[PDB]
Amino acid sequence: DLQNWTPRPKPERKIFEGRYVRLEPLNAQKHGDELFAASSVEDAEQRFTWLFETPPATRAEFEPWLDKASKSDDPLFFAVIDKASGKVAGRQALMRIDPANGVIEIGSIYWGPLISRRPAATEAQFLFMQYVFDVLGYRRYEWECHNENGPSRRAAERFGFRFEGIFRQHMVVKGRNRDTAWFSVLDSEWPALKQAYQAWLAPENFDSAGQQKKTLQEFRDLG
């Protein structure tokens, strides 16, 4: 197939609608107030530890980052809207976009308390992965995080990304060394992942308290 390979399309500012979550292209006027709220919760400092940004101290102080992020084409930012509340719950981006080789990254992730460790967060990831493979036809979908960011590494593994390696001294972030852990999902890996996510996200998989009956790793194991 690869002798005829040509560049794939660039990602677009599209709306993505799921059962638990909605993704909207980030817009300062539409999302600014609620994203500020999400980004300035009581434990925002802890939540932002490994991110490139620090939490905004005031709404006015948030505006410059918000405007740059809303206008940016790479990273391409989306607000993550929790459907149950209708509120912006976080943000994420498609980034390091390489249409020529069909390679792209999900990064710039902040999933706040409304969605963190709930089905909405898993579906936010899923909707990007689905778009990247089924619509854009990319070959390689990346996750990178600080190697010391345990929750992010475990999130990547749970999501089905495969570890590739650690770039030693890859960055300096907030006055500290960052070795970067890299993981990927290949186009050949996507179809089995898609089935496992769809099974996990199904309303059948959540009891009346909203608690999962089986985990995402369990469904992936089941094949």
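Throughout, we count residues from 1 along the sequence that is shown.
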task: Return whichever of 180 to 188 and 48 to 56 has the greater mean Cα B factor according to the PDB record.
output: 48 to 56
- request: Take the C-alpha B-factors listed in the entry for 165 to 173 and for 23 to 31, compute each mean, and give the stretch with the larger one.
  value: 23 to 31
- prompt: Relative to the other modelled residues in the chain, which third contains the C-alpha temperature factor of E142: lowest, middle or highest?
  reply: lowest
statement: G90: CA B-factor among chain residues, third -> lowest
message: Can you tell me whether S116 has a C-alpha B-factor in the lowest, middle or highest third compared with the other modelled residues of the same chain?
response: highest
task: Tell me, lowest, middle or highest third: where does the Cα B factor of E157 rank within its chain?
output: lowest
- request: Would you check the entry's CA temperature factor for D73 and let me know if it's in the chain's lowest, middle or highest third?
  value: highest
